[PDB]
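Below you'll find the structure, written out as structure tokens, and then a few comments.
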Number of protein chains: 6
Amino acid sequence: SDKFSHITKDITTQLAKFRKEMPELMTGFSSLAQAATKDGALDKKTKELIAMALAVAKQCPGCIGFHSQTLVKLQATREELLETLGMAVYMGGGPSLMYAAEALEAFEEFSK
Amino acid sequence: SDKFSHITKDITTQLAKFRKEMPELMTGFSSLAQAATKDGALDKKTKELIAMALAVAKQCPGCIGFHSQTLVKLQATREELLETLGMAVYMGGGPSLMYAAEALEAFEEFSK
Amino acid sequence: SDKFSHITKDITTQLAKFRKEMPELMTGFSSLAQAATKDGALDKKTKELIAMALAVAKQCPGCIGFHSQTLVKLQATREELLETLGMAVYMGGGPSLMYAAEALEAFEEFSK
Amino acid sequence: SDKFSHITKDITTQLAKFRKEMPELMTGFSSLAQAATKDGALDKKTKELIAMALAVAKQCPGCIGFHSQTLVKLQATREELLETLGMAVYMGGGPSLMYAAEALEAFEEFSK
Amino acid sequence: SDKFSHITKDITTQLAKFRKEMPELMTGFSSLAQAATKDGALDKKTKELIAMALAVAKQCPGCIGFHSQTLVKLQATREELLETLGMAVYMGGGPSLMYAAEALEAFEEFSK
Amino acid sequence: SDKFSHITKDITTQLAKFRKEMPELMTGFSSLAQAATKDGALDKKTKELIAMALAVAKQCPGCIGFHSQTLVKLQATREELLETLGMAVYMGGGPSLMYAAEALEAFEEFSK
């Protein structure tokens, strides 16, 4: 029942090393991430729903885990998540349905 | 100045043949598409913004063209499009920046 | 030795929730799936071999597991599977060779 | 009306240069291709139908062009092609529908 | 004979708009790009060869065009490019061979 | 602490079966791999750095494991690896950052 907690913590352990050893790269990346996700015409929660759809489409368990955790923090509802996953399935077929299952599992895990 | 009009019309010519020759497949696909894009907790425009992000991430000129055209129909603003493209670049890097350029070109074309 | 049984069962647990909570989406998707896989000019086994190649190309363990299980049910032979995996390697190189290994493991697991 | 003839000829012009300048790489690649596509439990036409599905899933106009041309040579029917494209749409959603349209265009072009 | 000059110029026209309208996003992205490509344990030419391999693997004509142009600027040789494309084919199969052809075309175009 | 040793060993077990049962395919694939990775204008270590970038971009844990192991054998430095991973992040965004973390974990595992 802690699959995605373990995935995200293991990635974070390595990213801490990147922040130390490639600080210019990680600073640049953070600047891109902050600029992309800031509140604007689309609010942060809406932008994170887009990130989740992309994470599913890219079949990336790590991104699914991190963006799930953020969606819980931003008080996204289960229904908002399900509707975003539906769009991923429309644009990805069978494989995206498989990762949509992973996204629901992650969201439920972090909603604990 | 009609790049995406030509791309979408050429695809539509083939899809008309699919509707005739594989009607069960195309009916099933349409049912999935309608269920995915219907108004709910996320409105149709928001769902189409997600579709556009996915189209950019999938590097699909056809989808970029169709979803651009729909965004114009749903009265999405330029700023809403730019913010969705920003999320694609965050989740895709250089390649997604290239297709974000295509998406802006398509949106401007259909806004004529 | 039950890797893919676990993977598929865990996905199925989530899909059961999708069937309850997004029935229109799942009905649409099922309609598309049934239309795509039905006997026609190509038989069901041949279509599942194509699905398995696509699963390997998409590097999707879930799809690999489900389609493996279906290939066993449809009495695909080991040699038919190997020849399909060969085509995936030709069209995908090193990475596809890695997922072809997973597909053989899954097929052997469900053939038990 | 010669879109894919032009795409395949332009690629072939470059591949002739690779055959001259990287003969060991091209010989290796040819050996893989021949081993993958040879008649066995699956006949060559069936293997090419698999290649066409993969080409659509990979959104590769070049691959779509070449494999279309080969399918015509191997006397694949329009209906066998359509059914293969249906499997790609099932495993790829909207983006694969867009490239399925390209595949039908290519098949019709080389059927002239 | 000016295919990639056109592709890159058309993308650059849109990116100029992004620089004006999303300056924080483009500044962040530029910071990431500069940090990634700067001389270090690997020199700039070596890093651009890696970028070209990734562009081919990502089947991105735009990236192929830009990175080709930069490789010429950095005085990469034809043989260094060919060897990089060989690695892409090994890791990508048929589809990568198709985009390796595009990369050679782009390199020859910007070497004029 | 043996995640990638386990992944690579499990794949190798299946590949041994492919070598026995599909020797023509595996011989062809080996010929391509040897031609691609041989010393030339780029040395073997440089070519493996390219393979590692591609493995990250393709989000392939198997490929990441094998190419990590080879990089250790070819005496690649940690800094050369980091810089290669930086290029992958530049060309892939968030998802590539997640697999770069996996690559660093693999490299550290095989450096033991």
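In the structure tokens, each chain is lettered A, B, ... as it comes, each chain's residues begin at 1, and ligands are numbered from 1 in order of appearance.
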query: Neighbours of residue 28 in chain B within 6 Å (only C-alpha atoms; same-chain residues fewer than 5 positions away dropped), as number ranges by chain?
result: C: 28, 31-32
Based on the selection just made, write N, CA, C and O atoms of those residues as a CSV table (one decimal), in the first residue's frame.
```csv
chain,number,residue,atom,x,y,z
C,28,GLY,N,-17.6,3.1,-23.7
C,28,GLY,CA,-17.0,3.6,-24.9
C,28,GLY,C,-15.7,2.9,-25.2
C,28,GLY,O,-15.5,2.4,-26.4
C,31,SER,N,-16.4,-0.7,-26.2
C,31,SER,CA,-17.0,-0.7,-27.6
C,31,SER,C,-15.9,-0.7,-28.6
C,31,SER,O,-15.9,-1.4,-29.6
C,32,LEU,N,-14.9,0.3,-28.4
C,32,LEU,CA,-13.8,0.4,-29.3
C,32,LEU,C,-13.0,-0.9,-29.3
C,32,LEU,O,-12.6,-1.5,-30.3
```
task: Would you mind listing what lies within 9 Å of residue 85 in chain E as a ChimeraX atom specification, with only C-alpha atoms counted and same-chain residues fewer than 3 positions away left out?
output: /E:49,52-53,56,80-82,88-90,96-97,99-101,103-104 /F:36
message: Just checking: using only C-alpha atoms, which residue out of A:112, A:3, A:73, A:38 ends up closest to chain C?
response: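 With only C-alpha atoms as the atom set, the closest residue is A:3.
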- request: Going by DSSP on the backbone, which bits of chain B are helix (DSSP H, G or I)? Write them as a ChimeraX atom specification, please.
  value: /B:3-21,23-37,44-57,61-73,78-90,94-111
task: Do a neighbour search on range 105-109 of chain D at 9 Å with only C-alpha atoms, toss out local chain neighbours closer than 3 positions, and write the hits as a PyMOL selection string.
output: (chain B and resi 11+14) or (chain D and resi 1-5+64-69+71-72+78+81+100-102+112)
Residues of chain C within 7 Å of chain F, counting only C-alpha atoms, what are they? List them as a compact mmCIF listing (two decimals) with N, CA and C atoms, in the first residue's frame.
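Result file follows (iface.txt):
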```txt
# COMPACT_ATOMS: atom_id res chain seq x y z
N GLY C 86 10.07 -10.65 -32.72
CA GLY C 86 11.11 -10.32 -33.66
C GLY C 86 10.80 -9.06 -34.47
N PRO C 95 15.69 -1.22 -26.89
CA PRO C 95 14.60 -1.15 -25.92
C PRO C 95 13.51 -2.19 -26.13
N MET C 98 14.41 -5.50 -24.82
CA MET C 98 14.19 -5.58 -23.35
C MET C 98 12.73 -5.94 -23.00
N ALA C 101 11.78 -9.55 -23.92
CA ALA C 101 12.11 -10.43 -22.80
C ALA C 101 10.99 -10.51 -21.78
```
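CA of residue 46 in chain E is found 15.0 Å from CA of residue 91 in chain F.
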- request: Could you jot down the CA of residue 50 in chain C to CA of residue 45 in chain D separation for me, Å, one decimal place?
  value: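 Taking CA of residue 50 in chain C as the start and CA of residue 45 in chain D as the end point, the length is 12.7 Å.
Our summary of the geometry notes that CA of residue 93 in chain D is positioned 22.4 Å from CA of residue 92 in chain E.
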